[PDB]
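Below you'll find only one chain, the form deposited in one PDB entry, shown as structure tokens.
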């Protein structure tokens, strides 16, 4: 699996309004976190529940916040902060050959969904139902993110 974790003061997720379009730009806010993390999650074709659990563990316990001058001290749970998990098949976009990326390594959208949703369940089980916000799987999204630092971390469980 792959994830880009970013440390935020806020993120606001939006999807396109229903009916309108597909020429037409108008959005509905559907998710909102304050301080916390936004986790861009790419699920690989051969991802087992092991990969998932590793990602969840790291998102929840990685110590990405200062305590005064003390760097890398607090995790998201210590601070009662929020996570916003967003599915990102593009993390597996092969760019080695040519300028048109292709995403062959990413798990298939339908298997991806149940796998993803299992992950969201587990996030909620390992932390709190109230702290896990999500996007709209497979849907185009607008996310206004306040990057704090920035702090961007990258994890690939196939390493």
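Residue numbers count along the first chain shown, from 1. Residues that one form lacks are left out of the comparison. The term rigid core refers to the most C-alpha atoms you can superpose between the two forms while keeping them within 1.5 Å.
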query	finding
Residue 20 not built in a third or more of the other entries	yes
Of 18 to 26 and 144 to 152, the stretch whose C-alpha atoms average the higher B-factor in the entry	18 to 26
Mean C-alpha temperature factor, higher of 35 to 43 and 119 to 127	119 to 127
Residue with highest C-alpha B-factor in the PDB entry, from 112, 56, 64, 132	112
Residue 91 - Cα temperature factor, lowest/middle/highest third of chain	middle
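What follows is about the form deposited in another entry, which we do not show.
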query	finding
Core-superposed C-alpha of residue 25 shifting 2 Å or more between this form and the one not shown	yes
Structural rearrangement between this form and the one not shown, runs of 3 or more with C-alpha shift of 2 angstroms or more, core superposed	18 to 26
